[PDB]
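**Student:** This one's a deposited entry, sequence included:
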Amino acid sequence: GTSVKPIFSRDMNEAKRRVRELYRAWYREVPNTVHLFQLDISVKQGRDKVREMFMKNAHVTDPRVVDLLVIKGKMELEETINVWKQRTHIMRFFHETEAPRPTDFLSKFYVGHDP
Amino acid sequence: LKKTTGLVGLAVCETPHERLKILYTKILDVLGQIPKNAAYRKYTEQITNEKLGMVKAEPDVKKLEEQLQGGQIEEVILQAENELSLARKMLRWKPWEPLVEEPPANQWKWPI
Amino acid sequence: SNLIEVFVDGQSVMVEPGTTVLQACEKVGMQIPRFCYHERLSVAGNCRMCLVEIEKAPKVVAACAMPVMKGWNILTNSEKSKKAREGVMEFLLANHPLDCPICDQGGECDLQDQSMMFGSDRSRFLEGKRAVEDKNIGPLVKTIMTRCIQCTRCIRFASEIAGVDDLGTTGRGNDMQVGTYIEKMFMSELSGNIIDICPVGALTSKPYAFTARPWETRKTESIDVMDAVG
Amino acid sequence: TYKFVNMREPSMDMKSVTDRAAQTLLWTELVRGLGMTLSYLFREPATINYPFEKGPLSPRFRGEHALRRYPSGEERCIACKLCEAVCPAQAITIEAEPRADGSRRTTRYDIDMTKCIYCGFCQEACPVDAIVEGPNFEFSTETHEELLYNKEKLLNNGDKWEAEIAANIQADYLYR
Amino acid sequence: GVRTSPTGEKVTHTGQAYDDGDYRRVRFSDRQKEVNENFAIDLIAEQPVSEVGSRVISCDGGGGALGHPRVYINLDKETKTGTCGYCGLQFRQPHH
Amino acid sequence: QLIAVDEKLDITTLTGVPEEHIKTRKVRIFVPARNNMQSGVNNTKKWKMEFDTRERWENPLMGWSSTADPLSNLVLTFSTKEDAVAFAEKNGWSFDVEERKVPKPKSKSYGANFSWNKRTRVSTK
Amino acid sequence: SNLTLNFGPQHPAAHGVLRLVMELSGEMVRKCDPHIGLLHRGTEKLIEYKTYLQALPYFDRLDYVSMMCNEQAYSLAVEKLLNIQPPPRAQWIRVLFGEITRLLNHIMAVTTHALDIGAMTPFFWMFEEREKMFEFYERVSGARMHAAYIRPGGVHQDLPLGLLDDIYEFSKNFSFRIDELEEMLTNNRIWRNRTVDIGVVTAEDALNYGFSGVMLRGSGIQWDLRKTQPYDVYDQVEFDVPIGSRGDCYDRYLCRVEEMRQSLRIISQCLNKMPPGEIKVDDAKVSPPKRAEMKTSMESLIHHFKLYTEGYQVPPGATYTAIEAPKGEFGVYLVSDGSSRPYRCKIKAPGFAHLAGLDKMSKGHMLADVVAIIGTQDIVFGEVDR
Amino acid sequence: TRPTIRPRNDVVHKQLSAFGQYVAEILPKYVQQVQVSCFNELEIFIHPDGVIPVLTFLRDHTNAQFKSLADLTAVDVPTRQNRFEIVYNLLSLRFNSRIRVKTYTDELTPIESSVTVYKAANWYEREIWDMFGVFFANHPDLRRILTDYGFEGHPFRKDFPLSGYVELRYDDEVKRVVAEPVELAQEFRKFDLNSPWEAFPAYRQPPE
Amino acid sequence: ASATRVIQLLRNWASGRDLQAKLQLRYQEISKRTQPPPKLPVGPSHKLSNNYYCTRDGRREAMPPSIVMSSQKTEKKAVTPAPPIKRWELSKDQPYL
Ligand code: SF4
Ligand code: SF4
Ligand code: SF4
Ligand code: SF4
Ligand code: FES
Ligand SMILES: [Mg+2]
Ligand SMILES: [Zn+2]
């Protein structure tokens, strides 16, 4: 029951199919992105980052949430392909000027009060 | 007779009486396929019948325009076509049925 | 059972015998304006801000002291109630000093808020104002007596809650004043509470003076550790 | 009630046709435009000799902020914080305490001039005419930090501009 | 009422001067420190106390609508003087 | 057409909040206490959701109050505690709820001020 | 493949921070994709954190060429929600300064349109007049453009003691300046070639796409909000509404010039009909009292304190208030939850719909024609992005 | 009651009430509520499924003729189970009137795009999607319109912080503009202005 | 203004109008920069009697919207939102530009 209306997919199988299609499109786009934006990363780095972004949301079990995630990923792909994005936008995925924040207890205790 | 309807993209109508009669007959024909107890059907039939009677009773275009209160009979023709299209859509939609769903108890409560 | 039915603005409610009009209005969620009534002090009835109209009664009653009668119909928003509140606010503000920018009560003033909500927006008072000398009741409670509206909350709290009979009123009429009449320190372990219950800037915190305004403060609800009461 | 801007028909008599042909071939309206520019060439330009000549201003003009004093030399500000509450940009920062003589005075009074929108709401809100927007507008700095005013800077502005600020207030306070 | 700290820095009306080990003093090197020289506490302390023949006096800071809100000061205490809470002017009754 | 989704509602991956501000945060759901300086009760009617207090420090220039907490100002208003709990749950925030505290009904009696033999008699009025 | 070109934001013809991504075959425009948001400042959320008086200066900065018209729309919305009424003299002042503002906006629009086209001279002639009107703004409020004069209770201050005479002196010379502008542009064959039959929109399309103002009236639609849904004292002034015939850039230019003339007419009427009286609503729980009262009376001081710290509370409810701003219908959807801060403020700007229709209006045109169409839509991106 | 109080108009109130009754009778399938505000502003609450029919009827009906869409926006009310309130404002030139149509949705439920009914909606629906995250079904080209490229979250939502989560600055080591977690030199100072005394008795809620 | 009369004649001929009659620079006909003080009339609520605020309270007369046709709860002639607009008149001042 729970009486919900879908966006595109009726169960997780169709949602997974759409996820795979979007992943294929991003995988094909990465080399062109590296060429056009004149990025100093490799194609391997770009595809690894695409996989990491996809795996960030691997725990989702709602087909509607997956449909919205695919819609957002398609929005980002359309944005990248048309060059609406600049090199700064593409490089924002890699956080190159962010100092690594530690995760163990002792370093956090040393730096400050935040957990 | 008249040049320059005055609205861009609205051509002057030659023989507007015949066009209006044809359009109103088509509108009534479409309304005939709606359940008789539906409010849309009776309201649209009433207004269409008044407009058709006005068109039939007034051979003069400017006097008919002043009677119809519809602003420059070419616009009356356009509105008749719009009503015909809406009538077909309403036939497909059937909005006279009972309310589809009832909203949550505090959905329209304001403030908060 | 023993409940009696009364009406607040034409709406039925069941109340215990001896319940005041103010509490019955509170049952339906309406707050009667007040200055001298405190639900933890003994009823005084002096401020006269709580006057309300009972249907088919020519005289407004004091809601904080009058017990509801069976079948009564309070009318909290009638013209008579509104005019009573406006007149009482006018008499309250007649001699009040123009002290809001320098008063610590500034954004937390019951007098200010009830003037904005129930009083008029103007003055027709064309006389001079009264001024009274300040009292010194110790290092904790700052005293600016001109601001006093003579609610007598401090006197009732000190006598009944704190157990001290140091506060009182000397003189009578317009010149009546709240104080100790002698140089005395109102020193007790519950003294600072007279700052909270005083509705105006007559009694303020001396350590807190001038440091902050209420709208800029952030509120953190917490517990005290100075003793074992928590 | 309406009029038409482009519903005029041209005359078709031989004289009108010949006049329009002369307009087309001999470029009469273009010479009209040339005449208009030539006319403007011989007018006096509306330029002013800045900085020697200044643009006109008003007593209500909103400029650089200043903190004022009473004629005794005592500051007018009593730290009511109404200016800080009303400021739509949150450009005002105030800290206060009792002075050594028990007076209610500020210990911090900052205006961030790069947050300020120069609306004048603070001088309306001030109940003792302590904070004003003075007449000055030529205070461009070379660094961002010079535009973060503290109480000393604002008191110095008041001391420097009081003569003109009081004369501006005298000319406008009856409209306030 | 200006006065310098042991470091040579002027002390403001507020009383804040950077401490000897405070690095923030570096912001003044090759530049200056803004200090207003007219101390209000000292200037108001020079005004003479006004003697009035009434128990209650009124103050509006002078200038009518150009001063502060009008307030009334009680002058019954003879051990002190009545001080305006807005302007700082002092009032007393003729004593002794 | 309806598809009968079976799982609990969860929208964290769509809100765009960085994960640090989803997992390490604690919200408080409560009816705010009446300000003891006043008698009005109009600010004690609705439920509030607010986040935990984070570090504030002093700006080296001007000595302003600096923060690095983006949720230090966010306050949400709800009709009922259930709505607040549902919002916090679907947004993935750990929450602490406090039951609403109401003043107890008190028996007032003006005449008790003048008791013949009771302790309630007022020594002054 | 079509050539893909960035038009702006750093372009003279852009008229602000617009990134017009254009697909072109030669110089023919195959597709227009306006990318906006380069001036989105998040104004509506900010307005949610302010009181109703603190949110007023935002409406100055929405459309920075029609400041008081933006202020008037917001003030009307708040006054409707407060169930109060501005005094008559305030309403006459509002209409007078709204017409002065319409003059300012129309000068800016026409001269910047001519400057894009290539006729650079009329800009300098008309900006001296704009300067004098800025002086009028400054005398009344102390600010040249972001005045914040119109408030939800009326106006902030009464006019200074010699302003009407100077407004009269300015108004009796402006028609000759309009005449010189028309001599420069109206009958020039080059200007007509650059404007006639460019960006033609039909009445039906203009209505459906959400157009308003001149973009309607150039296509023959007879609609002016001052005539159909009057506000303030617009029902007491007489003026004509210019109407076009062809729906092109040339017709829109003529409409704006004639609108400028009709504004002069309305200003003349407002000057001769200004009544006496107070300038804000005589209700100190909404409008602040005078300073002398604030310094003498206890109630006045309490109300001044509360109005400047907390602000007035607005009874709960939502309104959509619209005015005939110089660029079209300008609206506010204002939602009050009962407190002194607005719960929601949605701003309706005509430039939003006009720019959304720019792609439709540029079909079958070249690059220069697209520049002319952007000029003829009268776009300011403060109101588009907000 | 005369000089400072806004005057009433009962004729327009009656006309709008009658027309609201008209609309409700014609479309019972979708119309849930009809209201006429005190300042004469007709409001019609409907079911989401009836977005396209209602609007179509309202723009096409001879007695309606609301051919122009003033604006379309959304309101976020977190306490409601359906978070978002979709508001359409329509103007009729033939009858010189205005009407407001309101519906509701939540985070995961699409609304039918009304570009077919009104061409003006395109950018309005894009803006609602960008600011609030409400998806519109069958929309021609749905994408962000106001926010920056790659911006995560929806700013207009009540939960979103006023200053957001990231800021921008130019970094010389990478020679480009970078996005980093927001740090503020001065924190925005939250004010508590709401008065503890009730202002409007007419809107008092039952004590539950 | 101040210029040679021959230049004024050339200006008038080129522009086609008498330029001197409507000069665009303000020479001396504008208001003085110093004015007498004003007096400013008070409002209608400045009465000393019969001025109770409850009789001039516009905020307190606002009420929640009137509910028509709650779903939760004869010929019947059709109706419109408002009467049709009257057609506009053609500007007896100047109908055609
Ligand atoms: S007690 Fe209240 S009314 Fe009196 S001066 Fe202080 S803030 Fe103003
Ligand atoms: S000091 Fe305060 S509590 Fe005591 S009588 Fe005066 S107003 Fe009441
Ligand atoms: S002028 Fe406006 S923005 Fe600037 S400090 Fe004053 S109130 Fe704030
Ligand atoms: S400047 Fe004026 S408003 Fe601001 S704190 Fe000082 S006295 Fe108050
Ligand atoms: S509260 Fe009842 S008399 Fe004071
Ligand atoms: Mg107190
Ligand atoms: Zn004084």
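**Tutor:** Here it is on my side, so go on. Numbers count the residues shown, from 1 in each chain, chains lettered A, B, ... in the order given. Ligands and ions are numbered 1, 2, ... in the order given.

**Student:** for the residue most central in space within chain H, helix, strand, or coil?
**Tutor:** Centroid-nearest residue in chain H, with C-alpha atoms, centre = their mean: residue H:74, separated by 2.7 Å. Put simply, residue H:74 is strand when judged by DSSP: H, G, I helix; E, B strand; the rest coil.

**Student:** Tell me who's in contact with it.
**Tutor:** Contact analysis of residue H:74 by C-beta atoms under 8 Å, 6 or more residues apart in numbering or on different chains lists H:84, H:85, H:86, H:87, H:128, H:131, H:132, H:134, H:156. Where C-beta positions appear, they are placed from N, C-alpha and C, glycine not excepted.

**Student:** Could you give the bridge partners of it?
**Tutor:** Counting by DSSP bridges, residue H:74 forms beta bridges with residue H:86.

**Student:** Tell me how far it lies from chain E.
**Tutor:** Using C-beta to the nearest C-beta, to the nearest Å, residue H:74 is found at 47 Å from chain E.

**Student:** residues near residue F:55, how many?
**Tutor:** By the criterion of other C-beta atoms under 10 Å in any protein chain shown, residue F:55 has 12 neighbours.

**Student:** Tell me if I'm right that it and residue F:65 touch.
**Tutor:** No: using C-beta atoms under 8 Å, residue F:55 makes no contact with residue F:65, being 10.8 Å away.

**Student:** Can you give me the distance of the residue located most distally from the centre of chain A to chain E?
**Tutor:** The centre of chain A is farthest from one residue, residue A:110, which by C-alpha atoms, centre = their mean lies 32.5 Å away. Between residue A:110 and chain E the computed distance is 23 Å (C-beta to the nearest C-beta).

**Student:** looking at this, that residue is in a strand?
**Tutor:** No: under the criterion used here (three-state DSSP), residue A:110 is helix, not part of a strand.

**Student:** And it, how close does it get to residue F:52?
**Tutor:** As judged by C-beta to C-beta, to the nearest Å, residue A:110 and residue F:52 stand 21 Å apart.

**Student:** Would you tell me which helix is longest in chain F?
**Tutor:** Using DSSP state H, we find that the single longest helix of chain F is helix F:81-91.

**Student:** Establish whether that one and chain H are in contact.
**Tutor:** Yes: applying C-beta under 8 Å from any C-beta of the partner chain, one finds helix F:81-91 in contact with chain H at F:83, F:84, F:86, F:87, F:91.

**Student:** How many neighbouring residues does the second one have?
**Tutor:** Same thing as residue F:84. 25.

**Student:** unless I'm mixing things up, it is touching residue F:76, no?
**Tutor:** Yes: the pair residue F:84 / residue F:76 is scored as a contact, 7.3 Å apart, by C-beta under 8 Å.

**Student:** Quick check: neighbours shared by those two?
**Tutor:** Common neighbours of residue F:84 and residue F:76 (C-beta under 8 Å, 6+ apart) are F:48, F:49.

**Student:** Backbone dihedrals for residue G:330, please?
**Tutor:** Main-chain torsions, residue G:330, degrees, to the nearest 10: phi -110, psi 120.

**Student:** any idea which of the residues of helix F:81-91 next to chain H is the one closest to ligand 2?
**Tutor:** Ranked by distance to ligand 2 (C-beta to the nearest ligand atom), the residues of helix F:81-91 next to chain H are led by residue F:84 at 37.0 Å.

**Student:** so what's that closest one up against?
**Tutor:** Here residue F:84 is in contact with F:29, F:47, F:48, F:49, F:76, F:78, F:95, F:97, H:79 (C-beta under 8 Å, 6+ apart).

**Student:** now do residue G:261
**Tutor:** By C-beta under 8 Å, 6+ apart, residue G:261 lies in contact with G:175, G:178.

**Student:** again with the one 4 residues further on
**Tutor:** For residue G:265, the contacting residues are G:238, G:239, by C-beta under 8 Å, 6+ apart.

**Student:** how about 7 Å then?
**Tutor:** By C-beta atoms under 7 Å, 6 or more residues apart in numbering or on different chains, residue G:265 lies in contact with residue G:239.

**Student:** residues from chain H in reach of chain I?
**Tutor:** H:1, H:3-6, H:15-22, H:24, H:32-38, H:43, H:63, H:92, H:94-97, H:99, H:200, H:202-203 (C-beta under 7 Å from any C-beta of the partner chain).

**Student:** Fine, thanks again, bye for now.
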